[PDB]
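Below is one structure, written out as structure tokens, with a few remarks after it.
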Protein chains: 2
Amino acid sequence: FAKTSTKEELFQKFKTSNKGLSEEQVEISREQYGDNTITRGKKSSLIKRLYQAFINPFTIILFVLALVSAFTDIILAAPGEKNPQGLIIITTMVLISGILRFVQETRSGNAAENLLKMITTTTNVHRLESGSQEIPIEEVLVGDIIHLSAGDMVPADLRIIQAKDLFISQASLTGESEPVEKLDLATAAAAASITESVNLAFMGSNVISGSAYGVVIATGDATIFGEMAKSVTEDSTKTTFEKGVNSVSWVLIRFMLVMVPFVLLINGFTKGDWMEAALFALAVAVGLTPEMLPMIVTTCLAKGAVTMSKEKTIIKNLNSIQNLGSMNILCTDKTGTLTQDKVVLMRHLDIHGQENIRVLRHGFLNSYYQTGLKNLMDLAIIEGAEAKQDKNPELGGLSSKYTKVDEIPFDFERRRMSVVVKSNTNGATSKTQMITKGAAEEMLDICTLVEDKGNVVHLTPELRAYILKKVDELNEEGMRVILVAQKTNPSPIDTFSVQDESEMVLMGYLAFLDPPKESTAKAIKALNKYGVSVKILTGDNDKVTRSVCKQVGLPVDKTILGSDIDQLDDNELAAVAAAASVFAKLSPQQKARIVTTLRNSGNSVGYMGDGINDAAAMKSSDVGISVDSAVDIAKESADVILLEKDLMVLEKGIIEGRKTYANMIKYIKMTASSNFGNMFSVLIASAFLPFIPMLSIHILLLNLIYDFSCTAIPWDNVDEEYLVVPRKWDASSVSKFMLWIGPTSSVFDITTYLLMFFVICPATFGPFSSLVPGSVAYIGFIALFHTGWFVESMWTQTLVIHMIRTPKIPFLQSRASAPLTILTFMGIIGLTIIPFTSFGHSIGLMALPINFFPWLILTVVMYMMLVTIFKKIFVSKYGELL
Amino acid sequence: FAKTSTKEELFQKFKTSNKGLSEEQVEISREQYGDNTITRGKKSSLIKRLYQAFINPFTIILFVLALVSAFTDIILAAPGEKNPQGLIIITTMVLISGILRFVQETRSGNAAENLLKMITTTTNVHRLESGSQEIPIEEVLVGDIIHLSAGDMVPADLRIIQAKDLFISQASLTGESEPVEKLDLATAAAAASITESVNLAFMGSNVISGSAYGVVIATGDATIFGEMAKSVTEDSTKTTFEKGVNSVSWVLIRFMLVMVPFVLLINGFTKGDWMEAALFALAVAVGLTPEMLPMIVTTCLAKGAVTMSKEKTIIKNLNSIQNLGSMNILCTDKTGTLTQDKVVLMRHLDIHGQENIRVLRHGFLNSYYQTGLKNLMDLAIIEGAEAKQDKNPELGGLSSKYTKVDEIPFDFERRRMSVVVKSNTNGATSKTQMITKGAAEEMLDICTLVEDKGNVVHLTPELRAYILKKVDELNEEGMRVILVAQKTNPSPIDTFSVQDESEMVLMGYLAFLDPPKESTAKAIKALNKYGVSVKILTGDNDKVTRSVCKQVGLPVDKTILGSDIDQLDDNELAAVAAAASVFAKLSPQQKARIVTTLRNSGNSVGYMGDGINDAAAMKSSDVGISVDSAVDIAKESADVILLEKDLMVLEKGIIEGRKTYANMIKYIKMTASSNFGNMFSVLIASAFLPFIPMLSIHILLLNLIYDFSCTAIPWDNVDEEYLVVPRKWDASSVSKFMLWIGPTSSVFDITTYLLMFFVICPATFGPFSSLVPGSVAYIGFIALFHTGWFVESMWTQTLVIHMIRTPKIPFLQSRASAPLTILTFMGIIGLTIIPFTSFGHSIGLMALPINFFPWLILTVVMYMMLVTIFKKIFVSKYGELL
Ligand SMILES: [Mg+2]
Ligand SMILES: [Mg+2]
């Protein structure tokens with residue numbers, strides 16, 4: 001906590017050695033404080049940290065199901081080599097799921113190029129070697145004498161000891177392209193925010209002209225710019241989506257490790273050899289886990305990103321749009337993001353508070369014949385002249401009458417620009433008037449004549465009070481005022497002096513605000529409509545960010561200043577930030593801290609900005625956006641970088657992202673319930689069946705071929721009501737839903753059991769308990785049961801989706817199954833309904849007797865209606881289906 | 001034991017003086033044998049013997065309601081007075097069951113007046129005390145010298161010592177009214193059956209002609225008539241119906257003994273309020289018992305008996321028609337029942353086996369002119385000659401052409417009767433014709449000429465050989481044979497005398513037999529079609545019964561006699577009875593012995609009879625059927641009485657007795673299943689519901705208003721494939737239809753347990769676990785949950801009978817139900833108005849919302865499909881969904 005509090009000790013005296021730094025003292029300084037360097041790095045072993053997640057309940061199944069092959073190996077040959085139709089499928093599934101979990105994050109890693117910039121060298125500095133020279137950056141240290149000249153860049157913060165009308169553009173840290181004066185004088189003892197610390201310089205700021213001497217007092221981590229450079233590394237926190245998917249996988253694992261040992265114990269103690277029990281438990285381990293869930297998740301995310309890639313928005317990280325959908329609080333930079341860093345006239349009125357055409361027309365003249373020096377405020381005046389709709393050409397023709405005799409341009413030493421022009425009225429060369437505008441200070445000091453009530457009077461103390469009150473109403477919004485005044489004079493044979501420019505008749509006041517973008521208000525309203533709070537994080541002065549956001553409609557209440565959050569501890573910081581609004585005067589570390597605390601409270605926080613100072617906040621957020629005017633480094637740190645300028649597209653994301661999550665939270669439940677029910681019946685009927693109902697490979701086929709319809713699940717129609725609230729990744733609701741709707745299938749999977757064990761299978765192959773257990777029709781009976789339960793389970797688990805996807809009254813009310821999904825479903829049922837081919841060496845073909853299908857349709861219909869009842873109960877119990 | 005083998009000690013002597021018998025002799029007889037009395041008795045405790053059955057669960061239920069009333073009233077005062085609402089109805093139901101069980105049993109008990117009838121005494125006895133007198137059979141002594149005249153009553157079993165062509169009518173024991181000769185000579189010591197007991201007589205027989213002196217061998221219960229009187233009592237054996245009903249009641253008792261102590265323990269261990277657990281167990285016990293089962297059973301039996309009473313067949317016992325339906329073997333008497341006890345001509349034949357009309361004509365005149373004495377034999381000849389297709393009136397003309405000279409009537413010495421007639425053709429006094437008929441043996445000895453092939457030859461030994469061969473050929477066929485001889489006699493000076501009966505000329509022989517009733521063969525065929533075997537237990541000789549067994553059509557092999565069947569043991573008798581179709585020479589002991597043994601072998605046996613000898617078997621059988629020609633004792637001791645003597649109606653009765661059974665079992669399987677289901681769910685809910693789902697009174701109302709339509713089930717449409725095999729009462733068969741298609745209603749009862757837990761929470765009653773245990777909530781919420789699975793449990797168990805009623809036939813191949821049992825069924829479902837009535841305040845039972853019915857319809861439609869699937873699984877595993 002080494003701060004720069006040595007006031008009046010570091011002024012007028014270097015407080016250290018003047019360039020004669022002792023070697024021992026140099027070593028002491030570099031030990032206790034260190035040098036000025038910025039460290040960065042990359043990684044290429046992302047595979048190690050991206051495999052482990054939901055891959056493990058696949059490599060565990062692989063290890064168990066290959067140890068099964070090893071167990072039947074070394075003893076048997078055909079049973080020990082007929083397994084690989086397992087191991088191979090499970091291994092390629094492991095590889096696919098791992099590669100997909102890799103690509104879901106690879107876009108962020110390979111699209112982040114925040115390293116090309118900085119590491120600046122070749123600094124024009126005064127050194128003891130040869131005076132003013134180009135020196136490498138590693139030769140400037142704490143206590144070194146550094147000079148800022150015309151065109152050189154400051155490499156480290158400085159305690160400036162000499163200044164001469166020095167102006168610096170601090171858009172790198174404050175986001176404001178307008179230059180601000182920087183002086184060598186000691187500031188206030190209590191000081192202010194770091195950006196307003198005139199006595200100290202900032203790394204990364206650009207100087208165009210002027211020279212200044214200073215001494216480096218801070219380097220390393222104490223540099224604010226060093227801070228944002230060091231903060232932007234591969235500290236990519238796990239967003240909401242990753243944690244949600246991990247929690248869902250852990251719910252599945254918590255179910256698997258409770259169900260598997262139970263069925264293992266039952267089938268080991270009850271009837272069979274422990275090899276049969278191991279196979280039986282492997283069946284329940286395979287069935288519970290939806291094998292192609294990562295593929296469906298990736299395809300949903302890809303659909304979202306592709307859709308958002310047509311609204312003209314680069315999506316950098318593929319996992320950004322779901323986070324955009326689940327966005328709860330949007331923290332937004334002010335300078336250049338919602339405003340447009342463009343000075344435009346908004347208040348230009350007489351001393352009574354109404355627009356004066358004459359004064360603005362005079363300003364238009366002084367700015368349109370302004371050939372000496374062009375300045376952004378002059379462009380503001382001229383553009384407002386045309387926005388005013390009062391025609392220019394008369395004034396354009398007034399060049400022939402109100403002829404420009406001469407001009408003293410906007411010289412910065414006196415902050416006065418004075419155009420001396422003659423009023424050729426009606427053809428005669430009349431008197432000459434000069435109009436000077438400049439900063440309010442000198443104008444107020446020199447002005448004693450005022451145009452009031454239509455005449456010219458002296459500047460009385462009451463008129464001074466009135467003018468000061470107008471200045472105060474203009475300043476309280478954080479807007480600077482430039483005074484304009486005309487003076488009449490006879491034809492000047494001699495030149496004009498500064499002392500003659502006094503007692504000049506002032507017209508009024510000017511206000512060049514940075515107006516918010518025309519779509520900002522509509523974007524804020526749309527964001528508030530979809531349950532997304534909006535907060536403002538800007539380094540600008542509090543007054544201007546009350547003025548703005550008192551114009552966009554956002555409730556501005558007790559704007560928190562930077563010092564308050566700096567002195568505030570983390571818990572009450574989180575308490576304040578959530579229940580508050582626009583913040584002011586923040587450093588990049590402050591923005592990152594605020595976003596992080598908002599994250600820790602349980603809110604998925606997105607961020608938007610354009611400046612380099614916003615990079616830390618962009619990277620610390622769940623989803624970092626960037627408007628078109630964003631700087632290149634901010635673009636690289638972004639995730640959903642925009643292109644046009646319109647913020648309306650934000651809602652087109654927030655809508656679309658939500659309709660992705662629903663389509664992903666549908667399947668995740670809609671396939672975890674069924675897969676539970678299918679695996680429930682292989683548990684509570686795992687003791688009465690003298691053989692496993694459906695083998696491991698058959699269940700792998702069922703969970704694979706059915707999961708290719710969920711490839712078309714992302715195109716299903718989410719109705720209109722899920723898309724109004726940012727939904728949280730509630731995995732516990734999954735563990736309830738699949739315990740409520742899942743078992744309703746299991747009973748019918750028992751009805752299919754008894755049926756197919758008593759009337760269908762014994763019909764063709766004779767009654768059971770009368771067949772030789774070795775082989776004869778025992779193989780045929782077992783295969784017929786296998787294929788029949790295959791067909792029935794597939795039908796009944798992929799046709800109930802039309803009943804589960806939507807809340808009450810499907811079809812008629814909510815026209816379900818948008819044609820892509822329903823087409824794929826009926827195109828994949830027609831695939832699984834064919835175990836009649838040469839692909840019946842899957843250890844069951846047993847072409848089903850026609851007698852079975854009437855009993856299959858009767859099961860499907862009655863299961864669909866029972867699921868309707870249980871869906872009603874579930875909706876009426878907790879809050880809804882998902 | 002003491003058979004008629006005590007010869008040279010008691011036979012050919014008296015062992016006492018002839019009629020010179022003293023007092024010491026009668027005291028010796030009393031000491032050696034005892035009183036000569038017949039034991040008789042009755043009872044009037046039918047109430048105690050007939051209450052116990054399925055009424056004991058009702059009395060236990062009454063006791064438990066009484067305990068609940070006392071417990072809720074010995075502590076509290078307001079709750080302890082609503083228990084009468086259940087106790088009174090249950091205690092009226094106990095009495096209803098008692099009355100309806102006493103009625104369906106005591107009809108046969110008070111329909112038996114066997115002991116009231118019979119009891120004959122006052123026989124003519126000679127004694128030294130007062131000469132000839134009338135001494136009661138209660139006063140006859142062993143060894144009494146008894147004088148026998150025509151028309152007297154035999155006092156005891158009687159070894160005759162003096163006889164002169166003594167003839168005894170033995171229809172009382174053999175069923176044949178035709179007299180049998182009884183001889184006093186020294187007979188065989190080993191003797192034979194009663195029909196061949198030529199040396200001794202039996203009780204109850206009337207002497208037709210002749211006088212005799214005999215000695216009493218035994219008295220009291222040792223006599224055959226005394227034996228049958230002792231065996232025939234009010235010992236109506238438990239028919240198969242009572243055993244089946246007790247088995248069903250015991251199935252229910254085992255089910256409630258397994259369930260009730262489970263619910264009580266679950267609710268006494270969880271939710272530790274033991275009173276509320278006893279209420280749960282009481283509810284389970286109340287809902288498990290079908291409360292109006294005895295009334296439905298009684299109404300089914302009454303419908304069967306009433307509808308059979310219309311077919312000229314008075315039914316004496318309510319259970320007779322049901323036992324007829326469940327009858328498996330029908331044992332019928334031969335004489336009087338299968339045959340018609342009427343001698344009829346069947347073979348008028350010459351001496352060499354050619355149909356000679358001349359012998360028929362000679363018999364015609366020989367009978368038509370026998371005016372001095374008429375007999376059934378002569379009437380038989382006359383009737384058969386009318387029916388022999390030969391025109392009798394032409395023969396009648398010969399009556400005017402053959403006038404009578406004289407006649408020698410049937411004498412008591414030579415046993416021949418003769419008519420001497422003229423041959424006055426056109427009035428011309430030609431030679432006389434003498435025609436003598438009688439027993440073959442005598443006039444076969446006295447014959448000297450025979451007429452063969454139109455000529456006359458001497459009585460050579462060869463022709464006599466063929467005459468006897470054909471005579472005992474007819475005797476082998478059972479035909480009673482008579483011989484007829486003509487003599488061409490020159491005009492005698494005087495009338496025809498005994499010496500005029502020499503030098504006969506035989507013409508031929510005649511065959512008299514009692515042909516079976518013309519409907520006997522058709523009845524036997526119809527019974528054999530319905531899986532009812534027929535046996536011909538009779539006391540007649542083996543020859544005639546073997547002949548009849550061929551005409552009607554039956555297995556003529558293994559004509560098991562009476563001596564051997566008396567010789568062999570019961571265990572072997574069971575084996576040989578099922579392996580034999582015709583039984584001959586049977587004493588009334590043996591008929592009852594055979595019927596009882598066949599009953600013990602697992603066959604429900606009915607008996608048909610017409611005589612006194614039948615009564616023992618009639619009472620020892622499941623159902624006794626009496627023909628029109630039966631003696632009043634046979635009519636009184638039977639259970640079914642015919643009125644048109646047409647056996648063809650019999651099969652019709654069986655059909656009724658089967659369908660009356662089918663509906664009944666269809667009822668028992670309908671209710672006992674549903675009840676179980678509707679009180680299986682409670683078991684499960686016992687661990688989860690915070691309160692009782694239905695109180696005892698609600699379940700009583702459900703089981704009473706649903707059993708008031710099973711009063712209309714007996715009129716439903718029974719199939720036509722169920723009535724082609726005698727169905728046996730099976731308890732296990734109703735315990736496996738109750739575990740199989742019963743728990744398929746629990747699935748749709750745990751659903752309406754949960755739907756009704758989250759569809760009436762919004763019924764202004766708020767969600768549960770939020771209501772204080774006060775009122776207008778916890779009182780209304782519970783009431784609405786009752787009016788839930790009350791209305792729903794009445795709809796789902798009264799409308800699923802149409803699906804279970806029949807074996808596999810969905811709704812159209814059987815025309816499910818008759819208009820009576822569908823109209824009543826829906827008219828009792830329309831009693832879903834109890835909740836919306838002033839009598840909807842039998843505590844609970846509050847007004848249902850309209851919202852419930854769309855779910856009730858869905859549940860009652862869902863449940864029928866599951867019932868169809870389990871019906872198909874049940875039919876295809878056991879064999880009959882009955
Ligand atoms: Mg399934
Ligand atoms: Mg029910």
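Quick note on naming: the chains in the structure tokens go A, B, ... in the order shown, residues restart at 1 in each chain, and ligands are numbered from 1 in order of appearance.
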*Contacts of stretch 516-520 of chain B at 10 Å or less, counting only C-alpha atoms, minus same-chain residues fewer than 6 places along, as number ranges by chain?*
B: 334-342, 526, 548-549, 551-553, 645-649
Output file for the residues above (N, CA, C and O atoms, as an mmCIF file, in the first residue's frame):
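Saved as part24.cif:
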data_model
loop_
_atom_site.group_PDB
_atom_site.id
_atom_site.type_symbol
_atom_site.label_atom_id
_atom_site.label_comp_id
_atom_site.auth_asym_id
_atom_site.auth_seq_id
_atom_site.Cartn_x
_atom_site.Cartn_y
_atom_site.Cartn_z
ATOM 1 N N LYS B 334 -83.264 -97.465 -12.539
ATOM 2 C CA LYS B 334 -83.685 -97.990 -13.833
ATOM 3 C C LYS B 334 -85.195 -98.195 -13.890
ATOM 4 O O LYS B 334 -85.870 -97.639 -14.761
ATOM 5 N N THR B 335 -85.734 -98.992 -12.975
ATOM 6 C CA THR B 335 -87.161 -99.281 -12.989
ATOM 7 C C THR B 335 -87.946 -98.062 -12.521
ATOM 8 O O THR B 335 -87.579 -97.407 -11.540
ATOM 9 N N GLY B 336 -89.006 -97.731 -13.253
ATOM 10 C CA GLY B 336 -89.834 -96.592 -12.944
ATOM 11 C C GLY B 336 -89.293 -95.256 -13.407
ATOM 12 O O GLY B 336 -90.083 -94.369 -13.745
ATOM 13 N N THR B 337 -87.971 -95.085 -13.441
ATOM 14 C CA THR B 337 -87.362 -93.811 -13.808
ATOM 15 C C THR B 337 -86.906 -93.786 -15.263
ATOM 16 O O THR B 337 -87.366 -92.949 -16.044
ATOM 17 N N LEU B 338 -86.007 -94.692 -15.644
ATOM 18 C CA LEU B 338 -85.593 -94.769 -17.039
ATOM 19 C C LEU B 338 -86.630 -95.510 -17.869
ATOM 20 O O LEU B 338 -87.000 -95.062 -18.959
ATOM 21 N N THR B 339 -87.114 -96.639 -17.366
ATOM 22 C CA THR B 339 -88.201 -97.353 -18.012
ATOM 23 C C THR B 339 -89.526 -96.849 -17.444
ATOM 24 O O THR B 339 -89.559 -95.962 -16.589
ATOM 25 N N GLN B 340 -90.639 -97.411 -17.911
ATOM 26 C CA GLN B 340 -91.957 -96.932 -17.517
ATOM 27 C C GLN B 340 -92.752 -97.960 -16.724
ATOM 28 O O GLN B 340 -93.945 -97.744 -16.481
ATOM 29 N N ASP B 341 -92.127 -99.064 -16.313
ATOM 30 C CA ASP B 341 -92.774 -100.079 -15.478
ATOM 31 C C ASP B 341 -94.084 -100.564 -16.095
ATOM 32 O O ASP B 341 -95.092 -100.741 -15.410
ATOM 33 N N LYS B 342 -94.069 -100.779 -17.407
ATOM 34 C CA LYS B 342 -95.250 -101.232 -18.130
ATOM 35 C C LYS B 342 -94.844 -102.355 -19.068
ATOM 36 O O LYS B 342 -94.040 -102.142 -19.978
ATOM 37 N N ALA B 526 -78.294 -85.783 -24.445
ATOM 38 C CA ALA B 526 -78.145 -84.368 -24.127
ATOM 39 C C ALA B 526 -77.283 -84.168 -22.889
ATOM 40 O O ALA B 526 -76.447 -83.260 -22.847
ATOM 41 N N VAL B 548 -81.290 -102.748 -21.188
ATOM 42 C CA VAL B 548 -81.721 -101.354 -21.269
ATOM 43 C C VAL B 548 -80.545 -100.436 -21.574
ATOM 44 O O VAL B 548 -80.688 -99.470 -22.332
ATOM 45 N N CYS B 549 -79.368 -100.723 -21.017
ATOM 46 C CA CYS B 549 -78.196 -99.894 -21.263
ATOM 47 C C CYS B 549 -77.833 -99.811 -22.737
ATOM 48 O O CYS B 549 -77.186 -98.840 -23.143
ATOM 49 N N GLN B 551 -80.326 -100.088 -25.334
ATOM 50 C CA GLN B 551 -81.390 -99.374 -26.032
ATOM 51 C C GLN B 551 -81.244 -97.867 -25.860
ATOM 52 O O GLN B 551 -81.285 -97.113 -26.836
ATOM 53 N N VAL B 552 -81.076 -97.412 -24.617
ATOM 54 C CA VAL B 552 -80.857 -95.989 -24.387
ATOM 55 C C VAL B 552 -79.496 -95.566 -24.923
ATOM 56 O O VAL B 552 -79.338 -94.444 -25.418
ATOM 57 N N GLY B 553 -78.500 -96.442 -24.835
ATOM 58 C CA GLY B 553 -77.171 -96.158 -25.333
ATOM 59 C C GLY B 553 -76.216 -95.763 -24.228
ATOM 60 O O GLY B 553 -76.180 -94.601 -23.815
ATOM 61 N N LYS B 645 -93.084 -85.847 -16.518
ATOM 62 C CA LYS B 645 -92.349 -87.103 -16.719
ATOM 63 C C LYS B 645 -91.527 -87.112 -18.013
ATOM 64 O O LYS B 645 -91.119 -88.176 -18.491
ATOM 65 N N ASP B 646 -91.238 -85.940 -18.573
ATOM 66 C CA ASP B 646 -90.384 -85.811 -19.749
ATOM 67 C C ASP B 646 -88.980 -85.445 -19.281
ATOM 68 O O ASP B 646 -88.755 -84.339 -18.779
ATOM 69 N N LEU B 647 -88.034 -86.369 -19.456
ATOM 70 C CA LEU B 647 -86.670 -86.137 -18.995
ATOM 71 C C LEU B 647 -85.951 -85.071 -19.809
ATOM 72 O O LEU B 647 -84.889 -84.603 -19.386
ATOM 73 N N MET B 648 -86.497 -84.680 -20.963
ATOM 74 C CA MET B 648 -85.831 -83.686 -21.796
ATOM 75 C C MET B 648 -85.723 -82.340 -21.095
ATOM 76 O O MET B 648 -84.799 -81.569 -21.372
ATOM 77 N N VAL B 649 -86.651 -82.036 -20.186
ATOM 78 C CA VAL B 649 -86.558 -80.782 -19.449
ATOM 79 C C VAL B 649 -85.321 -80.772 -18.566
ATOM 80 O O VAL B 649 -84.790 -79.702 -18.242
#
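Least-squares superposition puts chain A on chain B with a C-alpha RMSD of 1.3 Å, counting every Cα pair in order.
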_Distance query residue B:478 at most 10 Å, only C-alpha atoms, self and fewer than 6 positions along chain excluded, as a PyMOL selection string_ = chain B and resi 472+511-514+541-548
Selection above as a file: N, CA, C and O atoms, as a short mmCIF file (atom, residue, chain, number, x, y, z; two decimals), in the first residue's frame:
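The resulting file, selection-v9.cif, is shown below:
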data_model
loop_
_atom_site.label_atom_id
_atom_site.label_comp_id
_atom_site.auth_asym_id
_atom_site.auth_seq_id
_atom_site.Cartn_x
_atom_site.Cartn_y
_atom_site.Cartn_z
N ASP B 472 -83.88 -119.02 -23.22
CA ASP B 472 -82.91 -118.35 -22.36
C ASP B 472 -82.09 -117.33 -23.14
O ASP B 472 -81.35 -116.56 -22.53
N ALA B 511 -92.52 -111.85 -26.12
CA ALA B 511 -91.55 -111.13 -25.31
C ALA B 511 -92.20 -109.90 -24.70
O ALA B 511 -92.59 -108.97 -25.41
N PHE B 512 -92.31 -109.90 -23.37
CA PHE B 512 -92.79 -108.76 -22.61
C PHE B 512 -91.61 -108.05 -21.96
O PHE B 512 -90.73 -108.69 -21.38
N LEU B 513 -91.59 -106.72 -22.06
CA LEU B 513 -90.57 -105.97 -21.35
C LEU B 513 -91.09 -104.56 -21.10
O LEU B 513 -92.06 -104.12 -21.72
N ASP B 514 -90.46 -103.87 -20.15
CA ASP B 514 -90.79 -102.48 -19.89
C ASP B 514 -89.83 -101.59 -20.68
O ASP B 514 -88.70 -101.36 -20.24
N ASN B 541 -82.10 -107.08 -11.88
CA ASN B 541 -81.10 -108.05 -12.29
C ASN B 541 -80.19 -107.46 -13.37
O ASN B 541 -80.52 -106.48 -14.04
N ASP B 542 -79.03 -108.09 -13.54
CA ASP B 542 -78.05 -107.59 -14.49
C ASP B 542 -78.52 -107.76 -15.93
O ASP B 542 -78.13 -106.98 -16.80
N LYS B 543 -79.34 -108.77 -16.20
CA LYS B 543 -79.77 -109.03 -17.58
C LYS B 543 -80.61 -107.89 -18.12
O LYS B 543 -80.33 -107.35 -19.20
N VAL B 544 -81.65 -107.49 -17.38
CA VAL B 544 -82.56 -106.46 -17.88
C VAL B 544 -81.85 -105.11 -17.95
O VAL B 544 -82.06 -104.34 -18.89
N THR B 545 -81.01 -104.81 -16.96
CA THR B 545 -80.31 -103.53 -17.00
C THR B 545 -79.27 -103.50 -18.11
O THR B 545 -79.06 -102.45 -18.72
N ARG B 546 -78.63 -104.63 -18.40
CA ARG B 546 -77.72 -104.68 -19.54
C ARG B 546 -78.47 -104.50 -20.85
O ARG B 546 -77.96 -103.87 -21.78
N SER B 547 -79.67 -105.06 -20.94
CA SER B 547 -80.48 -104.85 -22.14
C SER B 547 -80.88 -103.39 -22.29
O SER B 547 -80.82 -102.83 -23.39
N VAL B 548 -81.29 -102.75 -21.19
CA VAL B 548 -81.72 -101.35 -21.27
C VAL B 548 -80.55 -100.44 -21.57
O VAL B 548 -80.69 -99.47 -22.33
#
*Contacts to ligand 2 at 10 Å cut-off (only C-alpha atoms and all ligand atoms) as a ChimeraX atom specification*: /B:673-681,742-749,789-790,792-800,860,863
Could you please take those selected residues and save C-alpha atoms as a PDB file, in the first residue's frame?
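Here's the written file again_39.pdb:
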ATOM      1  CA  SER B 673     -61.434 -57.957  -6.993  1.00  0.00           C
ATOM      2  CA  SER B 674     -62.527 -54.316  -7.105  1.00  0.00           C
ATOM      3  CA  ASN B 675     -62.918 -54.074  -3.329  1.00  0.00           C
ATOM      4  CA  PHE B 676     -59.401 -55.445  -2.905  1.00  0.00           C
ATOM      5  CA  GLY B 677     -58.075 -52.899  -5.360  1.00  0.00           C
ATOM      6  CA  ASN B 678     -60.135 -50.156  -3.779  1.00  0.00           C
ATOM      7  CA  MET B 679     -58.614 -51.153  -0.438  1.00  0.00           C
ATOM      8  CA  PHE B 680     -55.099 -51.995  -1.571  1.00  0.00           C
ATOM      9  CA  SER B 681     -54.280 -48.348  -2.319  1.00  0.00           C
ATOM     10  CA  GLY B 742     -57.223 -56.249  -8.734  1.00  0.00           C
ATOM     11  CA  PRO B 743     -54.045 -54.201  -8.231  1.00  0.00           C
ATOM     12  CA  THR B 744     -54.535 -52.694 -11.702  1.00  0.00           C
ATOM     13  CA  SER B 745     -57.062 -50.352 -10.079  1.00  0.00           C
ATOM     14  CA  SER B 746     -54.567 -49.252  -7.425  1.00  0.00           C
ATOM     15  CA  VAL B 747     -52.511 -47.563 -10.158  1.00  0.00           C
ATOM     16  CA  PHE B 748     -55.506 -45.357 -10.955  1.00  0.00           C
ATOM     17  CA  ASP B 749     -56.279 -44.915  -7.262  1.00  0.00           C
ATOM     18  CA  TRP B 789     -62.127 -40.984  -4.246  1.00  0.00           C
ATOM     19  CA  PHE B 790     -65.723 -41.731  -3.410  1.00  0.00           C
ATOM     20  CA  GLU B 792     -64.277 -41.622  -8.549  1.00  0.00           C
ATOM     21  CA  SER B 793     -64.189 -45.047  -6.872  1.00  0.00           C
ATOM     22  CA  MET B 794     -67.880 -45.558  -7.647  1.00  0.00           C
ATOM     23  CA  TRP B 795     -67.364 -44.726 -11.339  1.00  0.00           C
ATOM     24  CA  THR B 796     -64.170 -46.758 -11.843  1.00  0.00           C
ATOM     25  CA  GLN B 797     -65.469 -49.981 -10.284  1.00  0.00           C
ATOM     26  CA  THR B 798     -69.029 -49.964 -11.660  1.00  0.00           C
ATOM     27  CA  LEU B 799     -68.030 -49.151 -15.261  1.00  0.00           C
ATOM     28  CA  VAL B 800     -65.096 -51.584 -15.507  1.00  0.00           C
ATOM     29  CA  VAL B 860     -62.395 -44.056 -15.943  1.00  0.00           C
ATOM     30  CA  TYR B 863     -58.470 -47.647 -16.347  1.00  0.00           C
TER      31      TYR B 863
END
*Of the candidates A:294, A:558, A:27, A:672, which shows the shortest atom-to-atom distance to ligand 1, using only C-alpha atoms and all ligand atoms?*
A:672
*Can you check which residues of chain B have any atom within 10 Å of chain A? Use only C-alpha atoms and format it as a PyMOL selection string.*
chain B and resi 747-748+751-752+754-759+761-762+767+855+858-859+861-863+865-866+868-870+872-877
